[PDB]
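This is what each chain is made of:
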Protein chains: 2
Amino acid sequence: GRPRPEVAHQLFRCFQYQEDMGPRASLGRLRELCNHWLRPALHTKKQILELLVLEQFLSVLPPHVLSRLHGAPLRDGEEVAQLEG
Amino acid sequence: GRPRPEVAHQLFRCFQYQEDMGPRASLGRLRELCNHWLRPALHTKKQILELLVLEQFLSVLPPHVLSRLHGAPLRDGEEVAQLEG
């Protein structure tokens, strides 16, 4: 989409609800952001799940372990794992 | 899979890292749980994304709004939205 996937990802997770726009508008906005992040037109189900798996995995890493991934691609668990044995 | 999808979902989100098993074991466990939750064998990409959209949406609802969804199916944003206009 328009926002880069990394930016879409954060907009998606940091989304704040507002009654003034309503459930349907909020779901619509979340749905667009989720598409901009996970890009189903580009990725197989396998790859989409791998991106979710990585999000959860990185969220539980100690800061000093995470820092070892600084700059590295984050698309495949196999690659992340080998990046740390 | 074996754990019900709702249970897998929580095991996935509540996963704690442990160095003693390592990155590869952790990613493997997360990958299984993510599959048990999102069931790509049963769901299209569209449906998998909708489940992620719903997870994010419900996470930002006020408790009293969420309670209005108590007992209701949570598979389609269209249905959740109409459940609240």
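Per chain, the count goes from 1 following the written sequence and can depart from the entry's numbering; residues without coordinates do not appear at all. A letter from A marks each chain and a number from 1 marks each ligand, given out in the order of writing. Processing note: side-chain calculations cover all non-hydrogen atoms of the structure and skip hydrogens and water entirely.

This entry lists X-ray crystallography as its structure determination method and reports a resolution of 1.850 Å.

Novice: Account for the packing of aromatic side chains, with residues named and values stated.
Specialist: In summary, the pairing rule links any two rings of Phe, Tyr or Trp, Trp by its six-membered ring, whose centres are within 6.5 Å, and it sorts them by plane angle into stacked for under 30 degrees, edge-to-face for over 60 and tilted for everything else. Counted according to the given criterion, the structure contains 4 aromatic pairs over all chains. Between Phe57 of chain A and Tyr17 of chain B the ring centres are 5.9 Å apart and the planes differ by 85°, which places this aromatic pair in the edge-to-face class. A residue pair is termed interchain when its members come from two chains, as with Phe57 of chain A in helix α3 (residues 45-59) and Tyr17 of chain B in the loop between α1 (5-13) and α2 (23-38). Here the aromatic rings of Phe12 of chain B and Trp37 of chain B are separated by 5.9 Å at their centres, their planes lie at 45°, and the arrangement is tilted. With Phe12 of chain B in helix α1 and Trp37 of chain B in helix α2, this residue pair connects regions lying 25 residues apart in the sequence. Here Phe12 of chain B and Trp37 of chain B have matching classes, each one buried. A run of DSSP states H or I qualifies as a helix once it reaches four residues; a run of E qualifies as a strand once it reaches two. Both are numbered from the N-terminal end. Relative accessibility under 20% of the residue-type maximum defines a buried residue, over 50% an exposed one, and the middle range a partly exposed one, all with a 1.4 Å probe and only protein chains included.

Novice: Can you explain the relation of the copies chain B and chain A? Please cite residues and give values.
Specialist: Under the fitted operation, chain B is carried onto chain A by 0.0 Å of movement along the axis and a turn of 180°, and the coordinates agree to an RMSD of 0.0 Å. In short, the pair behaves as if placed about a two-fold rotation axis. Within chain B, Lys45 of chain B has its C-alpha nearest the rotation axis, a separation of 3.0 Å. Working rule for contacts: check all heavy atoms of both residues, and any pair within 4.5 Å makes them a contact. In this assembly the copies share their binding face: 100% of the residues contributing to the interface of chain B also contribute to that of chain A. The copies are aligned by least squares, using only their C-alpha atoms.

Novice: Go over the nonpolar core, please, and point to the residues and values.
Specialist: Note on terminology: a nonpolar core comprises buried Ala, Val, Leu, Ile, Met, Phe, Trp, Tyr and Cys residues joined through side-chain atoms within 4.5 Å. Counting 48 residues, the largest nonpolar core has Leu38, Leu52 and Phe57 of chain A together with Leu38, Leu52 and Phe57 of chain B as its most contacted members. Only α1 (5-13), α2 (23-38), α3 and α5 (77-82) of chain A together with α1, α2, α3 (45-59) and α5 (77-82) of chain B provide two or more residues apiece to this core. Leave out the neighbours within four places in its chain, and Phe57 of chain B touches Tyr17, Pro23, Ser26, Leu27 and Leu30 of chain A together with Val80 of chain B.

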